[PDB]
Protein chains: 10
Amino acid sequence: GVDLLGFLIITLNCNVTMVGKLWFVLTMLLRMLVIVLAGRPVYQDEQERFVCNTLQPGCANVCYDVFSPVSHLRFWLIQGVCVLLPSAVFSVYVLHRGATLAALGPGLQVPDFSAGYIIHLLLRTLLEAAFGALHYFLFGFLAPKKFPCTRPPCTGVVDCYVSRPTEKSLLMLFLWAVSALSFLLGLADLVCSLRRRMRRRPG
Amino acid sequence: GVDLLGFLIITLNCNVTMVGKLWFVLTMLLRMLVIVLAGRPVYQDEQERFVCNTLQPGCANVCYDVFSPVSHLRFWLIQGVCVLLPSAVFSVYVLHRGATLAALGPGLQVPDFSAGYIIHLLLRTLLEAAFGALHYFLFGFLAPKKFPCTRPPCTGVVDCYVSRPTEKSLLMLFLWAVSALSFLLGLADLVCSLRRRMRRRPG
Amino acid sequence: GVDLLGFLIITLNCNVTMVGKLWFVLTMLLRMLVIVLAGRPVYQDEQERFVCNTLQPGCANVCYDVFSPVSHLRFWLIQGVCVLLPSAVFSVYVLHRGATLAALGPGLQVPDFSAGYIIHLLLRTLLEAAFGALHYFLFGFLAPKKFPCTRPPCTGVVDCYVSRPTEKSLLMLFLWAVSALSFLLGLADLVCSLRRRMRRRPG
Amino acid sequence: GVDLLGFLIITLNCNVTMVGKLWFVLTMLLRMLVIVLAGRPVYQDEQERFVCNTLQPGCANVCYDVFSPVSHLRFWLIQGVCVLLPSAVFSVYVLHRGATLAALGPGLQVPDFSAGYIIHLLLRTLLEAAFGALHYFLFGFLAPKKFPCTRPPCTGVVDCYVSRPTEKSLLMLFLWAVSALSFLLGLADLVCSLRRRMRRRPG
Amino acid sequence: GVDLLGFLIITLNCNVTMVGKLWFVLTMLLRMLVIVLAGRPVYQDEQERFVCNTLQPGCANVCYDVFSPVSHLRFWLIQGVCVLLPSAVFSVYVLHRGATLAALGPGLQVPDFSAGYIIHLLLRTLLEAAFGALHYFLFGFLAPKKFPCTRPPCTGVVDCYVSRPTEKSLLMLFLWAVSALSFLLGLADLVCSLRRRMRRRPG
Amino acid sequence: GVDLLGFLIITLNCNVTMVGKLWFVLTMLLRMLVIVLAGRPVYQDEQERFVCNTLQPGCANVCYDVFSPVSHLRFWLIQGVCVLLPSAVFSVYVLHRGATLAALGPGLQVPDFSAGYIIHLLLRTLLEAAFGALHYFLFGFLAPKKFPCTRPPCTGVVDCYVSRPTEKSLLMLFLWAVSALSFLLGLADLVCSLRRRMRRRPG
Amino acid sequence: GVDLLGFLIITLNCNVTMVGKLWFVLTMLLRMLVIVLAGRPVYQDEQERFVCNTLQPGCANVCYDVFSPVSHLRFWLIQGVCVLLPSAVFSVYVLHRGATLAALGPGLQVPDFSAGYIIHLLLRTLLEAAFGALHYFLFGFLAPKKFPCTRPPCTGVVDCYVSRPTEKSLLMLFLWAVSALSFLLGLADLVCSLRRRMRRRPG
Amino acid sequence: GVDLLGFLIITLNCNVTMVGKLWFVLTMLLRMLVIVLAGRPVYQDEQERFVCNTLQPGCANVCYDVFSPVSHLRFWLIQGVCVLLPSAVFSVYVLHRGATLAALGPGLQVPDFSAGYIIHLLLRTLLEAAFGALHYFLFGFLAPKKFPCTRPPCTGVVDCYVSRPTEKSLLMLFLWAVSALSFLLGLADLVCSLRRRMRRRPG
Amino acid sequence: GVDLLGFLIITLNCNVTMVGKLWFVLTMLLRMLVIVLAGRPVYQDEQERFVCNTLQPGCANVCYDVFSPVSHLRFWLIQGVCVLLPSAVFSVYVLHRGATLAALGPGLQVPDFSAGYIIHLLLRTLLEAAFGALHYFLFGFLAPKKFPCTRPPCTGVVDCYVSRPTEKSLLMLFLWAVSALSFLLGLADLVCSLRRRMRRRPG
Amino acid sequence: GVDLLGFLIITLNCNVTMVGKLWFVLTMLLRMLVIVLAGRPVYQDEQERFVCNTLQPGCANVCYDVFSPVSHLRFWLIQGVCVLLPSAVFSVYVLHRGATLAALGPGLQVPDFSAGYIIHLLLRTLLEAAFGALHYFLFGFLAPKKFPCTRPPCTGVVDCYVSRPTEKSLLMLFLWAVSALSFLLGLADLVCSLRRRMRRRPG
């Protein structure tokens, strides 16, 4: 006889490639940790110290609301969460199918979930291009230092100053590089899994 | 002989359907995580930057206390916590009953807790309609931008400005869509479990 | 032969009743989670926006130090932590005794720690009445809206305004109801365990 | 045949006494949790609301930098983290030695790491007296309410007010009592282990 | 027959030395915990209480943006996260290779991953010297107390005061000592593993 | 022989009636003295303490410039000066003609300038009705206490408060009564001089 | 022959008694000069430095408008100007009658205007009692130091401070004494002129 | 015999024409009195209420100094004083010559100072055209309402508001009309004196 | 025959000595003119710019009221007015007696009012010593620069600064010297008039 | 017979030259009038609008007290008053001597006070050079625009701005020119009187 906690691990550590195993480590310690630990402190006083040259109440609220409809900390969070989602559905499906197969019963006999891996890789790859295009079209590459605001109740043209315009642009480049490097890790894995699956098919 | 840590998972991963396994994954990574990580920073300076057009001390406190008796961040937290509660009582009951059955002893012999799943699904479904109706009757769909306040000690009619009226209304739509999508996942599982239980009953 | 990771669970899931397993689930998802996630944001600007009608430096500090000697957020935290303490000593004792009994060796033979459960239930029950009485005698049921302060260096009688006097009183009722409901869960379990232990004793 | 996940627990739950098992439970839920959850909110506006009687820029920074060179929140953190360190080295050593002994192979045969427990107890005991003496010589027992400051660029003698001088002194007593109670738990365990080891040694 | 949850630990607990096991304990409880728990509160009001001697709006933002282009809290976080990265790739590689070796099958037969440990140690050692040199060339050893700023729109020379210049310099020394002590732990392990590998090679 | 300083006085003290002599005394000690000594102090802080409910620079100047285009202190001065002008031309003409008549030479022989007195009385009488009508149509009878102002750059409707609205209205009544009483003094003199001149004309 | 510039002086210097000549000197250098030179500077910042304990605009105006409806500087000026008026009508009547009597012609022959002096003295005496009674009933004897104000838009009871409450009360006593001393100078002259006129009348 | 206080008046009231006697009366009661009594109160807070849109000290001083180098109240004073000067030298010369002629002694014999009157009229006429041209080239006809200021230390372009821009422009027209009317009074007198002097010269 | 306007001047310019004629010229152009023209501008902002180190309303009023109960500008005015009073009573008495003596009639016959001059000189001399002693005992010789104030509602000891402490002390010396010089002018005249009157008295 | 009011003028208008009569006219209408009417308004806010770059109370008073120990308005007043003093003593002496000479009695017989005119001219000339030298050594020719101040309690070097630095320097030039022109009028009169007196002296 054999146990079952073990068999539940060989099945999971036989359908994930080494590249996909290292992608999971790289894009959760350098991507999901920097956003939480180093992103929140930087973007805490974005409105508190967004200083405008006015004294009329309500002008600084309207000017900041026009300046940044949606912050890019929230955009980073949503983009990073929605990429880890295809990797959880497949993990839950593998555990649901593998543990429901040993209950009935019959040099192991690990099932082959290789067709369900290429689809998840394709969806994950397609989910990064759209979020990269939206990121480029929404925020650009570097943060500005000044903002002209003319909305009421402000009279004339008011000038407002952005807080921390340099460090915020230094974190943008780091996150852009991390995302670009992680995008090619799923492209070097798909073109290998596809090339391997057809090879192991005599006919 | 066989172990019983594998038996304690096969029992649990035989009473939960694939739809129910997928609902658990979706409504904790896109619902319970966005509320904590992305909801708290947005609603931090709701009173600090709630600027009113007055100079008399105590008017800004009174006006804000009438503007928002209960914030919708707390409402989101309470609504999301009370939906995961029926899913924990059933999980604890399954573990209490399963491990108390192998102690006495006698191609497995997994117990069938299918009657205790429909009831938990019904309670969970009924707990969402009430919280949706209350949400619609309390906060609406979009956030306002201005507030007229006439309570004492303010003299006349004072105007106050809401902080971040646009991003707050963008997060409401995302959470509304997530809740609406999760409500139909428990409705597509109940009408399948009920239809399956009667099928597997010759008489 | 049999394992011991399994034997270490039946020993633990044979000395805890269903009511005691359900109390553990309820009073950490609705009590220890609301305090941490929904209590900290509410009580963050209690002194920052405790506005008094004065201009002399140091009057607002003195007045606030007399208004609230100890906050009830810390009271809630200490009261909730000290109730989970009797449940941890018993858990650690059960694991210490159970794993030291299978080392020597000889239809299982699970030990009976039923006498050590009633004592922990009694201590837990006695620890709630004292904290309820202290809570009633210290903070009451609802939060006030204004405070008169006459301490030096303030001249005359100064009036100060409490921040968020309505939502703070709405959370008080929720926590009071949760505590009252959890107090009767340990009373319906003790009067059942005591009545069962004497029944299973012919003589 | 037998497993070795259980064998890795008998070894660990045979070298730690009951007093040492309950010390870990007590001085982690009442010491490391109150510091994190109840200490951070109290000491968040120590400088923001350290109000001095001056209008010259830079005087309030200089006065506060002389009032508190190092805060006692960080002192509590460092003192509590350096006491849990001897308990982790011994735990890692026990697992390193135990799992390297069953690989070679030969009513169990649990190894006896009793000599490596008294040394860790002695180091832990010696690490508390020094931190208690430093705590007494640095911060005293109660928090003050006022501070006289004469450093430049302030002219004359300025008076500054401490924020929350009462609650801060109420938390000090609780933490002092917790530390004093935990110090005698390691003294009642050492004088028992030493007395037991010599007893089980005929010669 | 034998399990494989046990075989998955000896494989991991036979390729890591005692020095490497104690290094992991040391520079994660005294390095990654002090940065998070004790570093964030200190560096929270670095810009809020960076007081400059001016009244023109926008001067305090410009002066602070030149004072600190990048904070050293973020530098500490990035430096500490990039050193734990080589230790995770090796860990995941060991688990990927070990569990893929028992599936095929044939006094244990644990594989020897001793060659893949020296390279990871070398990379980890090389990653510390660069970050130490950059730390020296960027921030120095102690924090200043004043800053002269002449950038527009400020007129003349303005003087600004740094918040908490003493405690910030006390945490610098603690972290410098921790890093210096951890650097020699990987140097005492490499020159031992290298000297041992050649010894166990007759030819 | 006789002198001519004396003859220069009988000529002047024979063409002015008793009513016209008392009018000069009354409307120079109660009219031209109250305006200078009691009017200037009252109207000194009319703009300095004209408080509006706004904080935007330039709104208080614009609102005051529309509230009072021309002050009534200046109106009182101009009206009181232009009434004393007809009385000076006649006085200078009498002295020019009288001293140019005794140079050539021949119970005195005082010349009769009775025709040149009725014309000056008529002009003086006609100069009061126009200034009374203008005063009634411009300022009214009493001073207001509040002013609504909506001119730019003020946003919305602003309320401004008039300084000393009661005493300013108490001086208005005194000056109105003085002017009304002085107007009938020139009407009781003209209808007497006209009735006397025709009587002393047999033919 | 004789001149008439001289005859115009004996006529005036034979109808005014020594007491009446001295009264004009006294209550014109110590009464009409102290009011102008020493009264205006004291009452210049009566409203500018009338400090009230409020921040709402418009409260300090309405409070001062109720504190002092009419100032006593204006009252002093009006009272002092209305007493010198009876002394000017008699003076101009004497010159009008005297210069119109020498034109027609016949040890001088100065006319006797003794009957027209008693009536002017009586009117002057009667004009002082009324203004003394009004002064007593309006302003009292000493100036206050504080004022309670409850008029809207002020909230609650506000306390305001009077500027220069001591010097203003020192000038009041000086002016009261001057007026009281001047009142008895016209009473010692009337009871002498009346007693002399009847004496020089044999029949 | 005759006196000479009279002879000193016939001499003076025989060399001044009726037009010249009337000009003297008009341009000191409507010109020299309005400037002093009505011009000083208007131009008292020209700098106090010259509000600029800036917060940097020293900008409001330089902006006002550039706005008005020399005020037109001082210009009015100097222009009006320098026109009365030619009328005083001639008056002093007539008195010096007339009283030095009767000392030596011989139907009066009044001297003829007609040649010294045309020259003074010519100088007075020439002194008005230059001051009118300078007034036109310096201040214009109406007062502005706003001023743009860019001098250092002000940053950018600042806008400042003029106090009382309407009443100040109403006084300008009154003074311009008075000056224009007085200029033609000296032109209607010169062309008459010149035409009369040549007529009374047979040869 | 002779006139009596001249006779009214011989009488007055025969009872006043040359020293008494020059005293009137000196102590009216250098004493009564400097006080009015140069004293009022200096003492105009004595309270407006009496800056105290406090922020509580009402403290600066009571502190200034205690500082200067009576100003020395008013003291100078009252002291200088009360010295010119004895010189006016004698002047009015001389004109009253001289014009009443020529009416009755009989190398002139000027009356001798020499006994009424020594008495007025004695009273004037006695009126200066008292005012000098009071001036010395009240204000001293030089003005202070700082004032400590502890009256309520001020808390502690407040420091206030006097405006223009140097120029005010420069005017004090000038006025002291003028008064001291004028005091000896009336002493050099009395000891000469007394010595002359007894000489012109044979018996 | 002759009068004496006429004799009192020829005596006075025979000892004053035409140049001396013209100097009197010029240096009271262009010197004593511009100082009073045009000098007081300019120097009214010299301290109110003397803006320094500081916030510490008491620094602006100390800095202004060192900037201008004595103002030049008071210097102008004192210098102009002390020059008219020699012209009043001579005038009073001429009237004292002339009216005391006709009382005793004997083509007039006017006395010759020519020796007492040169002495007064010499004293007046000598009183101008000293005040010109002091004026040059004290204030210079033009007014500054900025002032550096380092006196305590000001910290560092403070910059202060002078109010109206341009118009104040324009009035200085006008007054300098007036004084310089008036100084040569007394020099062209003395060198003529001295040359004439010696001519009219045969021996």
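Residues numbered from 1 in each chain as written, not as in the entry; some residues may be left out. Chains lettered and ligands numbered in written order. Heavy atoms only, no water.

In the PDB header, cryo-EM is given as the technique by which the entry was determined, and 3.0 Å as its resolution.

A. Highlighting the relation of the copies chain J and chain H. The two copies are related by a screw motion: chain J maps onto chain H through a turn of 72° and a shift of 0.0 Å along the axis, at an RMSD of 0.1 Å. The symmetry that links the two subunits is that of a five-fold axis. Scanning chain J for the C-alpha nearest the rotation axis identifies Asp3 of chain J, at a separation of 5.6 Å. Of all interface residues in chain J, a mere 14% are interface residues in chain H too; the two copies therefore contact each other through different surfaces. (Least-squares fit on C-alpha atoms. Contact = heavy atoms within 4.5 Å.)

B. Region of interest: the packing of helix α7 (residues 115-138) of chain J against helix α8 (residues 167-185) of chain J. Residue and element names in this part refer to chain J. Contact geometry for α7 and α8: axes closest at 11 Å, N-to-C directions at 155°. Taken together, the axis directions place α7 and α8 in an arrangement best described as roughly antiparallel. As for how α7 packs across α8, the hand of that crossing is left-handed. Residues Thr125, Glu128, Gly132, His135 and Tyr136 of α7 touch α8, and the partners they reach there are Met172, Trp176, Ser179, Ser182 and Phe183. (Axes fitted to C-alpha atoms, helices over the stretch in contact; angles between N-to-C directions. Helix = DSSP H or I, 4+ residues; strand = E, 2+ residues; numbered from the N terminus. Parallel < 35°, antiparallel > 145°, perpendicular 65-115°, else oblique. Left-handed = near helix turned anticlockwise from the far one by under 90°.)

C. Summary view of the relation of the copies chain B and chain C. Between the two copies, chain B and chain C, the superposition gives an RMSD of 0.1 Å; the rotation angle is 72° and the shift along the axis is 0.0 Å. A distinct binding surface is used by each copy, with only 14% of the interface residues of chain B retained as interface residues in chain C.

D. Here's a closer look at the interface of chain B and chain C. Contacts between the two partners involve 35 residues from chain B, matched on the other side by 36 residues from chain C. Taken together, the two surfaces of chain B and chain C that pack against each other cover about 3200 Å², and 64% of this comes from carbon and sulfur. Counting the surface chain B buries against chain C, the share from its top three residues, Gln47, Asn61 and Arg74 of chain B, is 17%. Our enumeration of links across chain B and chain C arrives at three salt bridges. Ionic pairing is found between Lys145 of chain C and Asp65 of chain B, a salt bridge with its closest N-O pair at 3.5 Å. At the boundary of chain B with chain C, the tally comes to 12 residue pairs in polar contact. For the side of chain B that touches chain C, the elements supplying multiple residues, two or more each, are α4 (59-67) and α5 (72-99) of chain B. No other element matches α5 of chain B, which puts 12 residues into the side of chain B that touches chain C. (Buried area = accessible area lost by both parts, 1.4 Å probe. Salt bridge = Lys/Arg side-chain N within 4 Å of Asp/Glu carboxyl O. Polar contact = N/O pair within 3.5 Å; in protein donor to acceptor, adjacent residues only side chain to side chain.)

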